[PDB]
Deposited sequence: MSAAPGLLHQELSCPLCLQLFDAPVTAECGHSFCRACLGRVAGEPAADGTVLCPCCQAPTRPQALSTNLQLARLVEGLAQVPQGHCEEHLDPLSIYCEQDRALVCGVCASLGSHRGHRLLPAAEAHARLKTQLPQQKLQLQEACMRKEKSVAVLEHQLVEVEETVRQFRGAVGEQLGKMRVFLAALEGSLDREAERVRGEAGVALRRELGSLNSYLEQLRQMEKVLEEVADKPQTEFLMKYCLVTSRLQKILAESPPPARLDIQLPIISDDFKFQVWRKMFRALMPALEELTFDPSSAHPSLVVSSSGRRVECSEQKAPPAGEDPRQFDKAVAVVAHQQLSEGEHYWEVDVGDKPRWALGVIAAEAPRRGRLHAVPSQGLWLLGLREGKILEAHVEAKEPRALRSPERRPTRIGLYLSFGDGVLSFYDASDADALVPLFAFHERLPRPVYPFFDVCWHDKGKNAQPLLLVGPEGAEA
């Protein structure tokens, strides 16, 4: 046909604006009256040359659709990954407690069996003692029935053996005892008692930790085992060869750098009366007397006179309510994910009690830092020990 629907005249015109073929009348009185126009010939010539370029536009469009269908198929996997990571991480955290539970129940069930079997067999022993006795009394009744009708010489020797044997049985006979099994007492407090213990069980395994003697204040000696540090009363040859060496702080940091995750490590303080535990930022300065404040790179807990605890927070420290018994072991929890450094009185591993927690984004990495302090003319002689 190649003609107009509305007018039936050859579509010899092309409208540059509406980009569609039109007929003569359409340009004259039609909706295409005032538009920018071209003859079909010049329009065919112009678009022959364009066609590689239009062909390229379509491919640019196809690329951009193919690019977007890529992003979605990647996302469609990231969903199953993120769900697995979540659904997996949950099971793992819960698994800590589930294990703790099964461990505790096993330990009790083993003490159940131990008392069961052990108290069990003492009875089966004394049971045999009574069956042999009854069986002996049974024969003695049988002899006594047959002896009533015996010759003089035979009756007499039987009755002596019988009455003299029954004599010995009566002194050898023990009175029965009542059943007394000592099983662990299971109270109303029980469900709480386990719950309290679960806290220690939530923590990650104690970080492998060893003092760095190459950071040690000269008066400080580190044990060969790498887990004991002491403040000696002897002359100290100072060494300013390394900026990591402590000169005025009387302290030492650990070998291990801490960069990500969650870590827990306990420190036995015993009856030491002045010390400070915590962590140091890596590039923080170690030379001179340092004010204990996080802005100086110091996340620090210190004890004075063995009775007053203080948290070296952002000049004056915060005096913590001293626990009812002086603590003999401190725990340090550290999580970069959550930006937290928690201190615990770990003297009783079954009942951990928090003392204080920093709650800020920490600059990673940090070094477990330990301030032994001066032996103070013989008084602060007690060592610092790493539980492990």
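- Residues 1-82, 397, 472-477 of the deposited sequence, counted from 1, carry no C-alpha coordinates in the model.
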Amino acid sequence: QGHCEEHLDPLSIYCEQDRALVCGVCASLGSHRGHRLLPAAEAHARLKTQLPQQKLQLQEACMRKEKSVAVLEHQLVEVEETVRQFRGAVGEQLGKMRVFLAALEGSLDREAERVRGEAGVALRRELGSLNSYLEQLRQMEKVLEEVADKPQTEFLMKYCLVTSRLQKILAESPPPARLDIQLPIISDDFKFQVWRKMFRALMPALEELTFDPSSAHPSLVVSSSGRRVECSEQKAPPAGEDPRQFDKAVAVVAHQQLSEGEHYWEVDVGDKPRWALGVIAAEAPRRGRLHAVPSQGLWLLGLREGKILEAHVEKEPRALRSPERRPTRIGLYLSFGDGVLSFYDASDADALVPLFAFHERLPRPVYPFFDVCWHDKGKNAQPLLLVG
From here on, numbers count along this sequence of modelled residues.
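- Here the stretch with the larger average CA B-factor, out of 109-117 and 275-283, is 275-283.
- For the pair 302-310 and 76-84, the record assigns the higher mean C-alpha temperature factor to 302-310.
- Comparing the C-alpha B-factors of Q182, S173, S187, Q193 in the entry, the top value falls on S173.
- Looking at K197, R98, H263, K142, the one whose CA carries the top B-factor in the deposited record is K142.
- Among the modelled residues of the chain, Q93 sits in the lowest third by CA temperature factor in this PDB entry.
- When the modelled residues of the chain are ordered by C-alpha B-factor, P213 sits in the highest third.
- In the PDB entry, a CA B factor belonging to the lowest third of its chain's modelled residues is recorded for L332.
- The entry lists a Cα temperature factor for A319 that places it in the highest third of the chain's modelled residues.
- Annotation for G240: CA B-factor lies in the highest third of the chain's modelled residues.
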